[PDB]
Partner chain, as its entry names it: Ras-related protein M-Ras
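Let's start with one chain on its own, the form deposited without the partner chain, as structure tokens.
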């Protein structure tokens, strides 16, 4: 209420306090009496209901911090001109349709936050704020930046994510101290060649734009720690780019137009831990490209145009997670046995009819996803996958399972739905750790084995669209809990 605000105002002037916190008090109008509190250096008014800041705030000539986020402001009074020491101005989450003209006159500012307003224009007069080291105008409606952005030579962070930019002014290259430049979720058709002038750049946000190419000069930004180009129109990378990014920890080329790996050979991948290339049109992985990729442990090639794997596929000994889903692979080579560090292998939605015996040598394999292939059998050597917890075989052409399936000590999840299974093996009962067993949509599955009752942790079982005609018809009407209870009691394992 007005009273508790006046009390805090009186308390502030009675302590001669240099900070005033009136945040989160549902204030609609701030009393004029605040003008008397001229000793304030910090004023916090965020998360209130302010539709205007009173002109009297201009009397607080010693303010260095004015925090106004999460109000309903549409402007600021010209009296803020008097705030000749203000360093930080927090205006995010208001209702600004422009930067208020007085803000362009607050040349002491080093930090200006304007996230999530409705601003359409950054006027040429932005040049007046040459002390700015942090400028965030993310989540507005800005279509263009003026060339005058280049007179902000002290910028360290510039965040213009979620705007409508089609280009960047070449004068951005005068902002030589920028380490964090976020342009993601704009409409950028290109980047200026001067981007390479930003030699201290370590974070560069470019995902979700309309880019067709990356400037060769980006290779001068050798402090980049990630390069995420997801969702653009890129199909190549410029000469020697990736090998020049000596601190690159990850690379994302997902959702682009690549048909081949970027040119430059194995040296472009010697520093990254992960490589994400999903949703392109890549038709081949070059022989030898990972020969220098000593720390690369995660490779995502999902949704490409692979019809085979390179002859040195088994040399990828440091790979831990490998996603090859939604390609056109018809076989996995025997040399898969070389991938002794592999823990996750996703092969969903390919054209696989059989699996190699070498698959059984994947001793660390924890998750194997073969959903939506054409598999007519499993090799006996799957029995040696003692670390396997999740085996997804949904939607294939399996008729029987190898008896060795019961040797999968650690298996918890077995997806067998949408197959041609005529029966489960009795060895299913040695799967002591099985929890989820999906059998739905197996139209030739007319019985279940007694030894399924031996699976003590079995808590999820689906049998929809399974005839199960050898069991009592009233039991299958009772659902899985009834079927498993029947197998226990009438079975000889109790």
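What we label the rigid core is the largest C-alpha set whose atoms superpose within 1.5 Å from one form to the other. Positions refer to the first chain, counted from 1.
Missing here is the form deposited with the partner chain bound; even so, the following discussion is about that form.
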| property | result |
| --- | --- |
| Selected contact from 134, 332, 168, 149, since only one has a non-hydrogen atom within 4.5 angstroms of the partner chain in the bound PDB entry | 134 |
| Contacting member of 381, 90, 312, 387, with respect to the partner chain in the bound PDB entry [4.5 Å, heavy atom] | 90 |
| Check all three, 244, 269 and 294, heavy atom within 4.5 Å of the partner chain in the bound PDB entry | no |
| Residue 75, heavy atom within 4.5 angstroms of the partner chain in the bound PDB entry | no |
| Close approach of residue 44 to the partner chain in the bound PDB entry, 4.5 Å, heavy atom | yes |
| Proximity of residue 113 to the partner chain in the bound PDB entry, heavy atoms at 4.5 Å | yes |
| Close approach of residue 216 to the partner chain in the bound PDB entry, 4.5 Å, heavy atom | no |
| Option from 19-27, 468-476, 6-14, 482-490 whose residues, in the bound PDB entry, bring a heavy atom within 4.5 Å of the partner chain | 19-27 |
| Of 448, 437, 463, 40, the one whose Cα moves 2 Å or more between the shown form and the other one after core superposition | 40 |
